Amino acid sequence: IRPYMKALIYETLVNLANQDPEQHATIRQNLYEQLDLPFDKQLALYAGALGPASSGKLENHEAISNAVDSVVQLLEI
């Protein structure tokens, strides 16, 4: 997991939290296309960050930063 992946995830959460819900599905799949992760890691990314961002449980600097840092830790082994 390269340092740039974190920036990408962070940016994606910001977009999911501030963009019209209509495009959330496409915003999420796009990031998946960019990262090409195995399903198990995709699920961790969704459950810990993409889903919460889409449901409006983040949308906050602190909350977003914590989700990003936590998921990145899960993505690394």
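Everything below is about the structure shown above.
Residues numbered from 1 in each chain as written, not as in the entry; some residues may be left out. Heavy atoms only, no water.

Q: Would you mind going over the overall build of the protein in detail, with residue names and values included?
A: Of the regular secondary structure elements, the protein holds 4 helices and 0 strands. Starting at the N terminus and walking to the C terminus, you meet the elements of the protein as α-α-α-α. At 11 Å, the protein has a C-alpha radius of gyration in line with the 11 Å of a compact globule built from 77 residues. On the principal axes, the C-alpha backbone points of the protein span a range of 30 × 25 × 20 Å. Taking the contacts inside the protein whose residues are at least 6 apart along the sequence as the reference set, 59% of them involve residues at least 24 apart. Total accessible area on the protein stands at roughly 5000 Å², and carbon and sulfur atoms take up 49% of it. Averaging the coordinates of the 5 positive side-chain charges in the protein and doing the same for the 10 negative ones gives two points 5 Å apart. (Helix = DSSP H or I, 4+ residues; strand = E, 2+ residues; numbered from the N terminus. Rg over C-alpha atoms; globule rule 2.2 N^0.38 Å. Contact = heavy atoms within 4.5 Å. Areas by Shrake-Rupley, 256 points an atom, 1.4 Å probe, with all protein chains shown as cover. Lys, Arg positive; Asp, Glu negative; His and termini not counted. Charge placed at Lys NZ, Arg CZ, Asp CG, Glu CD.)

Q: Requested: an account of the environment of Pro-3, with residues and values cited.
A: Among the secondary structure elements, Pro-3 is positioned in helix α1 (residues 3-18). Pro-3 sits in the exposed class, given a relative accessible area of 72%. For the pair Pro-3 and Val-72, spaced 69 residues apart in sequence, the C-alpha to C-alpha distance is 9.6 Å. (Buried < 20%, exposed > 50% of the residue type's maximum accessible area, 1.4 Å probe, protein only.)

Q: Could you give an account of the packing of α1 against helix α2 (residues 24-35), naming the residues involved and the relevant values?
A: Closest axis-to-axis distance for the α1/α2 pair is 10 Å, and the angle between their directions is 175 degrees. As summarised for this structure, α1 and α2 are arranged roughly antiparallel, according to the angle between their axes. The residues of α2 that touch α1, namely those facing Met-5, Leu-8, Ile-9, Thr-12, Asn-15 and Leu-16, are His-24, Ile-27, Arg-28, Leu-31, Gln-34 and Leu-35. Along the lines of polarity and charge, the residues of the contact of α1 with α2 split into 7 nonpolar, 4 polar and 1 charged. (Axes fitted to C-alpha atoms, helices over the stretch in contact; angles between N-to-C directions. Parallel < 35°, antiparallel > 145°, perpendicular 65-115°, else oblique. Nonpolar A, V, L, I, M, F, W, Y, C, P; charged D, E, K, R; others polar.)

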